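Top to bottom, those sequences are chains B, B', A and A'. A prime marks a further copy of an entry chain. First residue of the first sequence: 2, per the deposited numbering; consecutive thereafter. First residue of the second sequence: 2, per the deposited numbering; consecutive thereafter. First residue of the third sequence: 2, per the deposited numbering; consecutive thereafter. First residue of the fourth sequence: 2, per the deposited numbering; consecutive thereafter.
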Amino acid sequence: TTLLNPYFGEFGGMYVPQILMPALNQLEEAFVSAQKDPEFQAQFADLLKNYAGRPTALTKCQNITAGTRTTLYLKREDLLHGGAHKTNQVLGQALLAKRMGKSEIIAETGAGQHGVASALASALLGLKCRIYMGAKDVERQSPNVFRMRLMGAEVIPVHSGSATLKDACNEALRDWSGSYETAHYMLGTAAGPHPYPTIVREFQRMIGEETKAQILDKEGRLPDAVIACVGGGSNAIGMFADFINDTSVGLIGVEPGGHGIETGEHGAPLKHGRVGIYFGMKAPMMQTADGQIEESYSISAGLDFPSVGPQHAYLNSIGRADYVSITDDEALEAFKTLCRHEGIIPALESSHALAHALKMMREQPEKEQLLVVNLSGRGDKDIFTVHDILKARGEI
Amino acid sequence: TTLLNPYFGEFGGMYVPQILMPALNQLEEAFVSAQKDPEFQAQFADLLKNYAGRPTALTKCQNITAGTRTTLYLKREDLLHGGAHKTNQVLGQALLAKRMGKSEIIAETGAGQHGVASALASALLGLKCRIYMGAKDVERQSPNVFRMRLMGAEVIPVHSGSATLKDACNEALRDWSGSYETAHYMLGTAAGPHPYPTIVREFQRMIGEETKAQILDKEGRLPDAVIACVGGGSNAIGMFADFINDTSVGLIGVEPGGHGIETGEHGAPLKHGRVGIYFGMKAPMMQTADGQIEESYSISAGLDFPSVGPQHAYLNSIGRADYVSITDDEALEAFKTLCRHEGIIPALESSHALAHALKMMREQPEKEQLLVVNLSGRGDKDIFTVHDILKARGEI
Amino acid sequence: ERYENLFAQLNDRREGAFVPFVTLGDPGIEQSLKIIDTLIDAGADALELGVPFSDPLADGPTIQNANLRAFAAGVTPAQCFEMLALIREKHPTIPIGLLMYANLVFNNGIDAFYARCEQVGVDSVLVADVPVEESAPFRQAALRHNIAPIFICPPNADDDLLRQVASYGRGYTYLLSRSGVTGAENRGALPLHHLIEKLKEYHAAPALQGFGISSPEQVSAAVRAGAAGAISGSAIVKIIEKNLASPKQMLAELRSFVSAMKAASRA
Amino acid sequence: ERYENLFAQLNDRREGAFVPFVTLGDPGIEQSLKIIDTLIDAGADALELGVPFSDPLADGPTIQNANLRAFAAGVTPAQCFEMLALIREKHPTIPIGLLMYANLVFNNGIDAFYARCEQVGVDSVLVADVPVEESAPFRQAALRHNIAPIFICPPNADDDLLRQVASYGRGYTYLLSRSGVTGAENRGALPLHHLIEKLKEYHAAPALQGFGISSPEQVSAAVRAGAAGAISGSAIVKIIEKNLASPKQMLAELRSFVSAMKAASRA
Ligand SMILES: Cc1ncc(COP(=O)(O)O)c(/C=N/[C@H](Cc2c[nH]c3ccccc23)C(=O)O)c1O
Ligand SMILES: Cc1ncc(COP(=O)(O)O)c(/C=N/[C@H](Cc2c[nH]c3ccccc23)C(=O)O)c1O
Ligand SMILES: O=P(O)(O)OC[C@@H](O)CO
Ligand SMILES: O=P(O)(O)OC[C@@H](O)CO
Ligand code: NA
Ligand code: NA
């Protein structure tokens, strides 16, 4: 029995080993009580505003849309402390962890951004933080690993399977199975067992609430569509949530298409996978015919995850949100275009969302449309990845 | 003849080759006219707010000051687009460059932060940007060089002299001497010939104006002191300017002490140099007995400059502001302390200011005092420098 | 029903059940079949059998590597069901339980999975990542195909969960020795007499204790505390991995270990 | 006064002045003294002499490297003033001008610098990074020590600046050929007849054109336009650098080049 509905239609649930159900129930109760506690809301708001730097800007693109009837705004989560939206809900989960008497944090990361966020929040709030990272990503993201360790987190490379996010998620869950009395598992996206998809949404939904107020102030009307990348789901549900009941506003989620859907080397389970049970939830996932979990691929480590949060699966099923995919090469062109024409270096994750908005503008350049792209993070962490790609293509 | 006073007491002036005086006079007139133009002010404010992300947060330290009677706030210029205060006045100077009909930008950088700022503003506003950088700093700052080039700037390594900032300043001035008709020299600090010390102050002074409003809202009174690092002077004059007439508020500038003042390997001309004429101004500078300009040193490239802006020289001379120095090792300890205890990774430049505030707190732990440190930038650019230091000391 | 028959006999003989676990197809189909025949001949009262899964999130390194070995041999779930059918034809009375991950049960249809379990003669299914709160469609399909649904009693169980496990479970109750994942290196230390007695009060299926049981002394201790038996997996799998190059030394050492564990269950 | 005497003679002879520039002490004290004696003997009417400065921001690479060579020889300003005193003792009538950077003039005291210039017999000082707007203490100290303060007329000069340069300058006016820094590779192209004639209208000191003058054809052209002479530095310094290993081939080539440039100034 739960206080809140664990399912979004057929998707979601709490598919964890029995030993973890008390921890999930405790976390749900803590969250429900926190959402009614003005003292908790006041502390969370103070950290968001005065530590993380909310509200974030809403930037009108001046150059990218020249020659079209598209007006494009960028919601600047890249300007949050830590460099990505991840900081919003880590601060909320950390506060919940203290409300519950936990003194340790377990987290996993692939791009390193949620790891950086978990580490900074643990440093500020006095928690002992350990972070699992696919050993492959440990070598590609050694600067973010060092950041995490400078802020006092332990970083544990995972040599297993694809040596990427999924494999780090597994180890974090194994760890939590034997340390839940003292450690809070700080899940990094809007996925996993209930209550995490709900908690991450509610601790990210200021992104869409601010965007709505900002766009009404600047344009006097709601956007025609809001566009976000989808790895596990958090930044997109955060943008979407306040618009779900504004039925004129399109909701567009962008999955990574990798080298191309037809190559099988992608990260697009929502549109190209099959419903399964893993990660603690019932959700679309990339799997073999036999039901083994397949490895995903994306140029962007943060999108390289072979499942997707259940609320996105549900919003797709009913037609409220539309999901699309963007390939590595399209994401890379959009990264370069933003750098050169707006002076903003975007995360490669967010470059997928931008890339689809550029397509919407370029394919129909006489269509009048007001678009908002969630710029979920900055691309400082990606400049080495991008340099080695442009070096191998003779572009530089 | 000038519209504005070019001197701060005996310091400042316009000590440039005669051929450059028209360009300096034109720039002064453009600035004076801009400061009275509500259309210019409205455009500048829109870029600051909606592109760069002002106002920046004022963060109370929760952990660093435990066990003392010191209350410490950090003015979070690290959260500005680009990662440092530099973006504030580059956007103003870029707008001035367009007001004047210039289509190219010349700039110099040592840490790369002003280079990154110049490049992002030129990309946004449609200017052709070329950036001089000491070839030594080009190799240490190859990731920031790539950032600049990704945003479309040309980056020109300078193999000359100490191969650091001073040498890049020289080449930028030589370049400008032969291209001032089409190119605006975007000076990166509050130094150089008039009108630059005045323009950079007026385009940075929102830092102190916001701090004053924020601290009065949070504490009901002015700070006992505001503390900032001093390389050329911009971030500190930006913090100081609105408090200069609030005579109870201490103004503390922190120069780099390098390996120690007694070693001669420092960047502290204000307190340990001698008045000279170079860089277009009369100002304290590190020089030999014969008047040759000496090379400075700091662990932080952004403070590695053997002179200082004239208004700081003047504020020191009259006793309105006090200047001190912090060594590499003290800056490094303060960098580590902020990372581990507040979850903020500060620029090594700003780590000098923090380090002096920590000294003020630790030396007199029962002294009740309200301090504001200007956190001028984030330290992402410095994690490799810091890693190689901790690796050579067996600390990691 | 094979579990009821087993526990009735063991009760008569003043004995507890020793129940080895292995991963089907580890290190290969043929050696795995030989291994299981040896466990039985050496004294196993029942079997717990895993189907290799790509992401076994309740297993520590020993059983993770067993899965990897089965995959290196090409072991598929379809081949595992072929093995299960043969094992049942060899041993008509021994209870055969499966330890499954949810996706392998769900992804070609829950009902079809349990229908295939009935076709090959499986007696029970435990789904490691389906708590009792999510179990309805799994329970119903098990029961519809005459399969016992197994539920876990964790050491942090409360009374409401005891009553659910007692009411919904059949065959045996899985009594968890401790938190964490499988592994012989980590021995459970909490006393479980209180949970064991509550389960009996509520008429639960007989309890087998599992996780971290790797010595005869732990087997006798679970029986001394009231549990009807003990399961050991990692300890047995470690013998497989240690003897990969000597298939018959492996069976010899498996035989010796099982007999010693089953002996400790006697009385 | 040496400049007035020089220009009066050249005027009588229908001639313009050729004025070489070198960096004092480049490549060494002794060779620099030999170089200057050769420039004079080969036809130089006046001298412009630089004191090596650590950061010469009005100089391109050729003269930057001349400074570096002097520094590699240990050349200090004090040694340069010793050289200046000897040069004056050798050549009592030639005008000797210094091209200085401001810090070397200012940093032991402006007055003391010009007092030392008078002691050694310098006739004029140009301070490259002191515009006329900043020049008051420099002008006053020059005049107080019977030194001519030289001011630059840039090609972007306006009328107010023409009047200032005409009123405050003495000895000669420095007529800049173009924007940018020194260098023989970059030849000025703007016609300057208009500025030259304005300076004469305002009674300015006679104008010498400098920057990027490296051929006899440019010398005759500056004279044909009304200028009283031409200065060449980088072109001469390039001969020094090209012949560092052959000190006497260097003097030979210096001699040939100066005579050819001074010849072009004749008529
Ligand atoms: C800047 C940025 N933008 C977008 C995303 C996509 O995440 P989202 O779909 O949840 O909005 C990420 C993910 N970064 C992942 C975050 C993560 C941690 N654990 C996960 C498990 C599944 C999926 C994503 C994660 C990383 O740190 O590597 C990101 O760093
Ligand atoms: C993050 C940060 N904080 C503080 C400073 C100190 O500068 P300030 O004293 O003007 O407040 C810098 C300087 N960064 C220098 C800026 C610079 C450009 N040109 C200069 C000439 C002289 C002195 C500094 C500069 C760089 O980009 O390297 C900086 O990047
Ligand atoms: O591996 P261990 O720790 O023995 O646990 C038993 C398990 O493998 C089967 O349920
Ligand atoms: O070097 P150039 O270009 O000849 O310029 C003259 C200068 O060196 C002396 O005034
Ligand atoms: Na995904
Ligand atoms: Na300095």
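Note that CB positions come from ideal geometry on N, CA and C, so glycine has one too.
Please state if the CB of residue j and the CB of residue i are separated by a distance shorter than 8 Å.
{"i": "residue 272 (chain A')", "j": "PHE152 (chain A')", "result": "In the structure as shown, chain A' begins at 2 and stops at 268. Residue 272 (chain A') is therefore absent and cannot be evaluated."}
{"i": "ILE132 (chain B')", "j": "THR165 (chain B')", "result": "no"}
{"i": "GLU211 (chain B')", "j": "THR2 (chain B')", "result": "no"}
{"i": "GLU218 (chain A)", "j": "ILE240 (chain A)", "result": "no"}
{"i": "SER377 (chain B)", "j": "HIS115 (chain B)", "result": "no"}
{"i": "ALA229 (chain B)", "j": "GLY254 (chain B)", "result": "yes"}
{"i": "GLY292 (chain B)", "j": "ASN108 (chain A)", "result": "yes"}
{"i": "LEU40 (chain A)", "j": "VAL259 (chain A)", "result": "yes"}
{"i": "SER301 (chain B)", "j": "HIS267 (chain B)", "result": "no"}
Flag residue i as yes if its beta-carbon sits less than 8 Å from any beta-carbon of chain B, otherwise no.
{"i": "residue 297 (chain A)", "result": "Since the first and last residues shown for chain A are 2 and 268, residue 297 (chain A) lies out of range."}
{"i": "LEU21 (chain B')", "result": "no"}
{"i": "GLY234 (chain A)", "result": "no"}
{"i": "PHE107 (chain A)", "result": "yes"}
{"i": "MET152 (chain B')", "result": "yes"}
{"i": "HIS82 (chain B')", "result": "yes"}
{"i": "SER55 (chain A)", "result": "yes"}
{"i": "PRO198 (chain B')", "result": "no"}
State the beta-bridge partners of residue i as determined by DSSP.
{"i": "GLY135 (chain B)", "result": "B:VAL159"}
{"i": "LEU59 (chain B')", "result": "B':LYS76"}
{"i": "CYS154 (chain A)", "result": "A:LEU176"}
{"i": "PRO285 (chain B')", "result": "B':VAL276"}
{"i": "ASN375 (chain B)", "result": "B:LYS76"}
{"i": "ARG363 (chain B')", "result": "Answer by DSSP bridge pairing: none, since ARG363 (chain B') is not bridged."}
{"i": "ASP323 (chain B')", "result": "B':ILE253"}
{"i": "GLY234 (chain B')", "result": "Answer is none; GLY234 (chain B') lacks a bridge partner."}
Should residue i be flagged as near chain B', meaning a C-beta pair shorter than 8 Å?
{"i": "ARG341 (chain B)", "result": "yes"}
{"i": "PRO132 (chain A')", "result": "yes"}
{"i": "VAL182 (chain A')", "result": "yes"}
{"i": "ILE151 (chain A')", "result": "no"}
{"i": "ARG148 (chain B)", "result": "yes"}
{"i": "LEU58 (chain A')", "result": "yes"}
Rounded to whole angstroms, how far is the Cβ of residue i from the Cβ of residue j, which I believe are closer than 8 Å?
{"i": "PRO311 (chain B)", "j": "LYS272 (chain B)", "result": "Rounded, the Cβ-Cβ distance is 15 Å, inconsistent with contact."}
{"i": "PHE306 (chain B)", "j": "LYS167 (chain B)", "result": "6 Å"}
{"i": "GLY259 (chain B')", "j": "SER299 (chain B')", "result": "5 Å"}
{"i": "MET149 (chain B)", "j": "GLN27 (chain B)", "result": "The Cβ separation is near 27 Å, so there is no contact."}
Within the same chain, show all residues whose beta-carbon is closer than 6 Å to that of residue i, passing over the 5 residues directly before and after it, in chain order.
{"i": "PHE41 (chain B)", "result": "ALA35"}
{"i": "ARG267 (chain A)", "result": "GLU16"}
{"i": "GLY380 (chain B)", "result": "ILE346, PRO347, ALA348"}
Within the 8 Å Cβ cut-off, does residue i reach chain A'?
{"i": "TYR186 (chain B')", "result": "no"}
{"i": "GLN63 (chain B')", "result": "no"}
{"i": "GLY113 (chain B')", "result": "no"}
Within 8 Å of any Cβ in chain A, is that where the Cβ of residue i sits?
{"i": "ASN171 (chain B)", "result": "yes"}
{"i": "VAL227 (chain B)", "result": "no"}
{"i": "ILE294 (chain B)", "result": "yes"}
{"i": "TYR16 (chain B)", "result": "yes"}
Got a sec? Which residues, its chain only, sit under 8 Å from residue i by beta carbon, not counting five neighbours each side?
{"i": "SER178 (chain B')", "result": "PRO18, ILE20, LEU21"}
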